[PDB]
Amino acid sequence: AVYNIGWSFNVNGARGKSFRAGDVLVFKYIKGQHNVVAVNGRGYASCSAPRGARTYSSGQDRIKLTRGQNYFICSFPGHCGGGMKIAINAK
């Protein structure tokens, strides 16, 4: 399935909803104001992207979920600490 995510300080579209491996998340926001970095668990916990992490910056980034945990954060200064981070469990 394909789901739109409201990528902002107050992230919407992920809370209390069920996801499955293979689903496509579409991060929507204004290009240049944020980014989407796919990180690992430790990177998610400390709001810091690990070396080589993949960045998406188009404002309408299509990312497929892999089975298990999928972590994403915005890496601009103050944004992750401001709540721009999500952990999705794709069953």
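A residue's number is simply how far along the shown sequence it sits, counting from 1.
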With B-factors read from the PDB entry, the higher C-alpha mean of 77-85 and 7-15 is in 7-15
In the PDB entry, which of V26, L65, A45, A49 has its C-alpha at the highest B-factor?
-> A45
Please place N35 in the lowest, middle or highest third of its chain by C-alpha B factor as given in the entry.
-> lowest
Chain-relative CA temperature factor third for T55 | lowest
